[PDB]
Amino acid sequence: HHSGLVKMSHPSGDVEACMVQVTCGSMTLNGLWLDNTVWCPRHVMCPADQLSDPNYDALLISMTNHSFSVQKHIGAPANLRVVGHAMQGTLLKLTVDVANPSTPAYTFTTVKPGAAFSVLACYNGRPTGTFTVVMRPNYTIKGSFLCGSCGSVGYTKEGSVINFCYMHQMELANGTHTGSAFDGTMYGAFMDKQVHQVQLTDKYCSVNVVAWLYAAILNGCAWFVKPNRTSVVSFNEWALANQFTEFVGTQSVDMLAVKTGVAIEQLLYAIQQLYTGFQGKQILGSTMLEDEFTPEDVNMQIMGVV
């Protein structure tokens, strides 16, 4: 009756040792300290009166290296001297005179819709919480962020290597959240300006609904499975009309098909039927489709496979 699924985050210790507090004048938020670089949102430069339409190019011109104060509060505290400052998209790149001795092996990557990542929520340079989210098809995340959380970071892990993919920037009118990749772009079409912004429509993540149906099968809950099949191409035409992402299979889904003996196309048919309603029945304690678990969540948490 319990699926064995939970919202699983990576252990956060490696990333904790990289978090700092960045202060520019009256403004403060979190930064990420890797090697001789500290990354943080560029609106730390912006007066509170100016956040709706800031001119970051002129703000940056007005700054000097001493404009920025960087502190490590956790572990062995440290004051970091800024010796260089640059802007890349919506992020600042501050050069500091000391390399982070706890720099992990890392990369910078962008995450795609439907993919899961771990977030270390920080306030005043101090990690306070960790959670995992799926990047939504409209480039928001359903997170938990308050004033002072900007510069909190999201990441995946491949082995010992941390792949940083997100730095938090803002909350939208519907309560969801968005931020930057570490190439400095904002996810989606968002702007780092405090103004109401058009938000694109969310969608069910089809590949993740398939993963959850396979999780149900692995738990012996298979009432929705029938011989009927919908091809991928036919389902993808259907998805465009019914607020679903288009389905693109992966070896992670294929492993679920093989372990369960249920074809992807059987679950694509099931989804089409279940989207019209569960008819009084339940799947893993839910009466609506679940898209917040990935094929990899299911392989790892239930079958122990990576």
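Between two forms, the rigid core is the largest collection of C-alphas that superpose within 1.5 Å. A residue's number is simply how far along the shown sequence it sits, counting from 1.
In 9 other deposited structures of this protein, superposed by the rigid core, the C-alpha atoms of 285 to 293 lie farther from the shown form than the other of 16 to 24 and 285 to 293. Rigid core fits of the other structures in 9 other deposited structures of this protein place the C-alpha atoms of one stretch farther away on average; of 169 to 177 and 92 to 100, that stretch is 169 to 177. Of the other compared PDB entries of this protein that include residues on both sides, all give residue 146 atoms, none of them, and so not a third, leaving it without. Omission of residue 76 is seen in a third or more of the other entries compared for this protein where the adjacent residues are built. Mean CA B-factor, 61 to 69 versus 39 to 47: the higher value falls on 61 to 69. In this entry, 221 to 229 shows the higher mean Cα temperature factor of the pair 221 to 229 and 140 to 148.
For the set 87, 173, 115, 181, the PDB entry assigns the largest Cα B-factor to 173. Comparing the listed residues 26, 252, 245, 30, the entry records the largest Cα B-factor for 26.
Per the deposited record, the Cα B-factor of residue 93 falls in the lowest third when ranked against the other modelled residues of its chain. Residue 34: CA B factor lies in the lowest third for its chain, per the PDB record. Residue 306: CA B factor lies in the highest third for its chain, per the PDB record.
Annotation for residue 167: C-alpha temperature factor in the lowest third relative to the rest of the modelled chain, per the entry. The entry lists a Cα temperature factor for residue 132 that places it in the lowest third of the chain's modelled residues.
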